[PDB]
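What follows is a short report on a single structure.
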Amino acid sequence: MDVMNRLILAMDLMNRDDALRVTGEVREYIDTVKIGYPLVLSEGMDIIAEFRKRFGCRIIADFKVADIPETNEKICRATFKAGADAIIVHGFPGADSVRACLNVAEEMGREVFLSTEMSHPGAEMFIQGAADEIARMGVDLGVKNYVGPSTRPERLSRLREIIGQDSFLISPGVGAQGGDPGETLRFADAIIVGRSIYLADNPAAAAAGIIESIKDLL
Amino acid sequence: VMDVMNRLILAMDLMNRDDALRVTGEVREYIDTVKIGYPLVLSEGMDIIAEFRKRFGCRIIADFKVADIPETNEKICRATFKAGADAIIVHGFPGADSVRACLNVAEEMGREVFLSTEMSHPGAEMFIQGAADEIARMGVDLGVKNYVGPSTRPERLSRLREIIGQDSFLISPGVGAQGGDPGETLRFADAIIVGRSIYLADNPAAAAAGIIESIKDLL
Ligand SMILES: O=c1cnn([C@@H]2O[C@H](COP(=O)(O)O)[C@@H](O)[C@H]2O)c(=O)[nH]1
Ligand SMILES: O=c1cnn([C@@H]2O[C@H](COP(=O)(O)O)[C@@H](O)[C@H]2O)c(=O)[nH]1
């Protein structure tokens, strides 16, 4: 995946008008948008096709897929039917649950991103201790796309080590959660940024500013 | 605790609105509590919750396996309760802050959180099983009252019941299609969740009636 400016917008506004307006305001800076349940549950799955129609951007569906294999398969089918290019899946529920998602993605020409270690404090309780193993599991399963934590660059670096330089790694927790864009891009291919852009008085200027700060990395 | 008719919750994971409504209507005399998940919601919209409420006298548990950071969890719970769900299922593996975010919204909005402890599928053995006793204990410490545990592992379901105590509410999927037994599961769970064994049956009503007949002495 080739992400413009190494910057993925996390569009977690919950109103269609605002989400479309803000995305439009930063469209010159990005070609990849992560849409999650805050927007989808508020406005419907049709929002994905609307983003494709208006912006042509890639859409990563951040659905943290975390069920049994049979249910995971159904979730992935519904998500790809709506036009998502990729889906984010949890590894904590185990290999069969991940494989179910990989199968549907292959069938529909899409990508699975595996969440390895989350960026919030609670991730320390259970996720962090399993994260290296979840990454190795991804490698064993042939997962090529991973998500790791901007808030812990030492952990992000370890995850990069496990998956290798050929795998694609994206990283949320930049800005609002405390992560630094440039430091994160030492290890991740792209950063995910939500609030620092979409809650800014001037989202375009916020996006521009982040990009300016990492210009030598582009 | 919610009073689940016949100790039986329908897992309505059909993905077509017409089929989901037909099957649910056919079993409505047996079941007053329906679990609606992402297979149906992502196919038909959050308004499917409204339609179920309108058509049937059923409580709705939104099985959304909520598993994000606190800020995102809060938004998911708000949208879900806004749409009319009585309760939402959340994961514990993302940790206490993530669970607390859901509890806070549920408290504010007058709804309920169910905490997934150990899942019933084979993959649950890899990471979830080893965390599950602590996830349950974390739930107790946080004041969680409602829990989900695995029909497929009676020994684990029994231990999780012990951890959460007899006063907590425990529901259990994995019955039927995944191998779990209704009666054995109800030794520990307040109610069983059944999906495919009912909704893929030639006669879903007869399937539900048969399950209920088999546990009649436990009602
Ligand atoms: O470990 C994490 C942390 N956050 N997110 C998601 O990335 C975005 C971070 O947004 P933010 O820049 O506003 O913090 C939100 O959509 C959040 O659910 C993840 O996928 N994984
Ligand atoms: O540990 C589990 C196992 N299954 N489920 C959910 O319960 C239902 C089980 O359906 P089934 O009777 O068709 O197996 C499905 O909706 C599945 O996502 C859980 O919530 N937790």
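Naming scheme: A, B, ... for chains in displayed order of the structure tokens; residues 1 onward per chain; ligands 1 onward as shown.
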Give me, as a VMD selection string, all polymer residues having an atom no more than 8 Å from residue B:27, counting only C-alpha atoms and skipping those fewer than 2 positions away in the same chain. chain B and resid 23 to 25 29 to 31 204 to 205 208
Within stretch 25-69 of chain B, find each residue whose DSSP state, derived from the backbone, is strand (DSSP E or B), and express the selection as a PDB file with C-alpha atoms, in the first residue's frame.
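Final output, saved to part.pdb:
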ATOM      1  CA  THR B  33     -34.130 -11.578  24.168  1.00  0.00           C
ATOM      2  CA  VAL B  34     -32.194 -11.286  20.920  1.00  0.00           C
ATOM      3  CA  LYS B  35     -28.487 -10.788  20.364  1.00  0.00           C
ATOM      4  CA  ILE B  36     -27.827  -8.748  17.228  1.00  0.00           C
ATOM      5  CA  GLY B  37     -24.243  -8.500  16.018  1.00  0.00           C
ATOM      6  CA  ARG B  59     -34.743  -6.933  24.478  1.00  0.00           C
ATOM      7  CA  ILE B  60     -31.719  -6.313  22.291  1.00  0.00           C
ATOM      8  CA  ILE B  61     -28.117  -7.150  23.190  1.00  0.00           C
ATOM      9  CA  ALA B  62     -25.725  -5.547  20.693  1.00  0.00           C
ATOM     10  CA  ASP B  63     -22.864  -7.994  20.293  1.00  0.00           C
ATOM     11  CA  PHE B  64     -20.238  -5.541  19.090  1.00  0.00           C
ATOM     12  CA  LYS B  65     -17.211  -7.043  20.886  1.00  0.00           C
ATOM     13  CA  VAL B  66     -16.151  -3.496  21.693  1.00  0.00           C
TER      14      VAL B  66
END
Distance query residue A:195 at most 12 Å, only C-alpha atoms, self and fewer than 4 positions along chain excluded, as a PyMOL selection string
(chain A and resi 9-13+22+172-178+199-203+206-207) or (chain B and resi 71-72)
Write a file of the selected residues as an mmCIF file, in the first residue's frame, keeping C-alpha atoms.
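Saved file part_21.cif follows:
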data_model
loop_
_atom_site.group_PDB
_atom_site.id
_atom_site.type_symbol
_atom_site.label_atom_id
_atom_site.label_comp_id
_atom_site.auth_asym_id
_atom_site.auth_seq_id
_atom_site.Cartn_x
_atom_site.Cartn_y
_atom_site.Cartn_z
ATOM 1 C CA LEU A 9 -6.633 10.336 8.527
ATOM 2 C CA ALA A 10 -8.641 8.694 11.326
ATOM 3 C CA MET A 11 -12.076 10.078 10.546
ATOM 4 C CA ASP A 12 -13.935 9.536 13.830
ATOM 5 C CA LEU A 13 -16.365 12.435 13.607
ATOM 6 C CA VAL A 22 -13.234 17.964 7.236
ATOM 7 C CA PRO A 172 -1.960 5.320 15.682
ATOM 8 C CA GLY A 173 -1.522 7.248 18.918
ATOM 9 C CA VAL A 174 0.135 10.235 17.251
ATOM 10 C CA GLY A 175 -0.738 13.653 18.642
ATOM 11 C CA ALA A 176 -3.657 13.411 21.049
ATOM 12 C CA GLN A 177 -2.397 10.195 22.696
ATOM 13 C CA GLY A 178 1.141 11.565 22.981
ATOM 14 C CA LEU A 199 -10.669 18.564 16.149
ATOM 15 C CA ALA A 200 -8.314 21.338 15.011
ATOM 16 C CA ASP A 201 -9.791 24.788 14.356
ATOM 17 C CA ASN A 202 -8.173 24.510 10.939
ATOM 18 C CA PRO A 203 -7.770 20.839 9.932
ATOM 19 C CA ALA A 206 -3.046 20.874 11.194
ATOM 20 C CA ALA A 207 -2.393 18.338 8.443
ATOM 21 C CA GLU B 71 -12.211 7.384 23.547
ATOM 22 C CA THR B 72 -13.343 5.226 20.639
#
| field | Expected answer as a ChimeraX atom specification: chain B residues within 7 Å of chain A, only C-alpha atoms | value | /B:38-39,42-43,45-46,65,67,69,72,75-76,79,93-98,121,123-124,126-128,131
Expected file contents, prior selection, N, CA, C and O atoms, as a short mmCIF file (atom, residue, chain, number, x, y, z; two decimals), in the first residue's frame:
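The file below, selection_17.cif, is the result:
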data_model
loop_
_atom_site.label_atom_id
_atom_site.label_comp_id
_atom_site.auth_asym_id
_atom_site.auth_seq_id
_atom_site.Cartn_x
_atom_site.Cartn_y
_atom_site.Cartn_z
N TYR B 38 -22.66 -7.64 14.44
CA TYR B 38 -22.22 -6.96 13.24
C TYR B 38 -22.60 -7.64 11.91
O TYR B 38 -22.81 -6.95 10.92
N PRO B 39 -22.68 -8.99 11.86
CA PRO B 39 -23.15 -9.56 10.59
C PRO B 39 -24.46 -8.93 10.10
O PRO B 39 -24.59 -8.56 8.93
N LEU B 42 -24.04 -4.59 10.02
CA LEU B 42 -23.24 -4.06 8.91
C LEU B 42 -23.89 -4.34 7.56
O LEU B 42 -23.56 -3.71 6.56
N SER B 43 -24.83 -5.27 7.54
CA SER B 43 -25.57 -5.58 6.33
C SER B 43 -26.82 -4.73 6.14
O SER B 43 -27.21 -4.43 5.01
N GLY B 45 -27.93 -2.05 8.65
CA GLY B 45 -27.94 -0.77 9.32
C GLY B 45 -28.35 -0.84 10.78
O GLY B 45 -28.98 -1.81 11.22
N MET B 46 -28.01 0.19 11.54
CA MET B 46 -28.38 0.25 12.95
C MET B 46 -29.89 0.34 13.14
O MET B 46 -30.40 0.02 14.21
N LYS B 65 -18.56 -6.69 20.45
CA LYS B 65 -17.21 -7.04 20.89
C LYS B 65 -16.31 -5.81 21.01
O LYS B 65 -15.20 -5.78 20.48
N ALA B 67 -13.76 -3.21 21.36
CA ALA B 67 -12.36 -3.56 21.60
C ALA B 67 -11.40 -2.49 21.11
O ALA B 67 -10.42 -2.78 20.42
N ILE B 69 -9.65 1.77 22.01
CA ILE B 69 -9.17 2.65 23.09
C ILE B 69 -10.37 3.31 23.77
O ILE B 69 -11.45 3.36 23.21
N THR B 72 -12.58 5.82 21.72
CA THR B 72 -13.34 5.23 20.64
C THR B 72 -14.46 4.35 21.20
O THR B 72 -15.59 4.38 20.70
N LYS B 75 -17.52 6.39 22.08
CA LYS B 75 -18.30 6.75 20.90
C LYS B 75 -19.14 5.59 20.39
O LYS B 75 -20.29 5.77 20.00
N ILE B 76 -18.56 4.39 20.37
CA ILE B 76 -19.27 3.21 19.91
C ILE B 76 -20.45 2.92 20.83
O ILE B 76 -21.57 2.68 20.37
N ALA B 79 -23.29 5.55 20.28
CA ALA B 79 -24.05 5.32 19.05
C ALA B 79 -24.96 4.11 19.20
O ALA B 79 -26.09 4.11 18.71
N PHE B 93 -9.94 -7.91 27.00
CA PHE B 93 -8.50 -7.99 26.74
C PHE B 93 -7.82 -6.65 26.46
O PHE B 93 -6.63 -6.51 26.73
N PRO B 94 -8.55 -5.66 25.93
CA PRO B 94 -7.89 -4.34 25.84
C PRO B 94 -7.65 -3.61 27.17
O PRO B 94 -7.01 -2.56 27.15
N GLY B 95 -8.13 -4.15 28.28
CA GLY B 95 -7.76 -3.61 29.58
C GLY B 95 -8.84 -2.79 30.27
O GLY B 95 -9.91 -2.55 29.71
N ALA B 96 -8.54 -2.34 31.49
CA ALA B 96 -9.55 -1.77 32.37
C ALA B 96 -10.06 -0.41 31.92
O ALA B 96 -11.24 -0.12 32.07
N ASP B 97 -9.18 0.44 31.39
CA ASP B 97 -9.63 1.75 30.93
C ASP B 97 -10.66 1.62 29.81
O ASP B 97 -11.67 2.32 29.78
N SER B 98 -10.40 0.70 28.89
CA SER B 98 -11.32 0.46 27.79
C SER B 98 -12.67 -0.05 28.28
O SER B 98 -13.71 0.37 27.79
N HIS B 121 -14.38 -20.47 20.85
CA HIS B 121 -13.76 -21.07 19.67
C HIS B 121 -12.35 -21.55 19.97
O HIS B 121 -11.73 -21.13 20.95
N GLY B 123 -9.40 -20.94 18.75
CA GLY B 123 -8.39 -19.91 18.83
C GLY B 123 -8.32 -19.21 20.18
O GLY B 123 -7.29 -18.61 20.51
N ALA B 124 -9.41 -19.26 20.95
CA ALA B 124 -9.43 -18.63 22.27
C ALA B 124 -8.36 -19.21 23.19
O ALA B 124 -7.98 -18.57 24.18
N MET B 126 -5.28 -19.62 22.53
CA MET B 126 -3.95 -19.06 22.28
C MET B 126 -3.56 -17.93 23.24
O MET B 126 -2.45 -17.91 23.77
N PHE B 127 -4.48 -17.00 23.46
CA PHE B 127 -4.22 -15.82 24.30
C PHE B 127 -5.35 -15.54 25.29
O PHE B 127 -5.11 -15.14 26.43
N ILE B 128 -6.60 -15.70 24.86
CA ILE B 128 -7.72 -15.32 25.72
C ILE B 128 -7.83 -16.19 26.96
O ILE B 128 -8.01 -15.68 28.06
N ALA B 131 -5.73 -15.27 29.92
CA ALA B 131 -6.08 -13.98 30.50
C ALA B 131 -7.46 -13.98 31.16
O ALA B 131 -7.79 -13.05 31.90
#
Could you list, as a PyMOL selection string, all residues that come within 7 Å of ligand 2? Count only C-alpha atoms and all ligand atoms. (chain A and resi 67-68+71) or (chain B and resi 11-13+37+63+116+118-121+148-150+173-178+193-197)
When you look at residue A:29 with a cut-off of 9 Å (counting only C-alpha atoms), what residues show up, excluding the ones that are within fewer than 5 positions of it in the same chain? I need them as a VMD selection string. chain A and resid 4 to 5 7 204 207 to 208 211
**OP:** Do a neighbour search on residue A:191 at 12 Å with only C-alpha atoms, toss out local chain neighbours closer than 3 positions, and write the hits as a ChimeraX atom specification.
**Re:** /A:3-10,30,32-34,146-151,156,168-175,179-188,194,207,210-211,214,217
Worksheet entry | Exercise: residue A:143 partners within 9 Å, only C-alpha atoms, chain neighbours under 4 positions left out, as a PyMOL selection string | chain A and resi 102+111-114+135+137-139+167
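Taking only C-alpha atoms, the non-local environment of residue B:187 within 12 Å (same-chain residues fewer than 3 positions away omitted) comprises residues 7, 151, 154, 155, 157, 158, 159, 161, 166, 170, 171, 172, 181, 182, 183, 184, 190, 191, 192, 215, 217, 218 and 219 of chain B.
Considering the residues B:68, B:117, B:82, B:179 and counting only C-alpha atoms and all ligand atoms, ligand 1 has its shortest atom-to-atom contact with B:68.
Candidate residues A:110, A:89, A:101, A:144 were compared for distance to ligand 1, and the nearest is A:89, using only C-alpha atoms and all ligand atoms.
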What separates atom CA of residue A:115 and atom CA of residue B:111 is a distance of 29.0 Å
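Here atom CA of residue A:88 is placed at a distance of 7.3 Å from atom CA of residue A:60.
Proximity ranking of B:186, B:201, B:87, B:206 relative to residue B:6 places B:186 first, based on only C-alpha atoms.
When only C-alpha atoms and all ligand atoms are used to measure the gap to ligand 1, the shortest distance among A:56, A:212, A:163, A:35 belongs to A:35.
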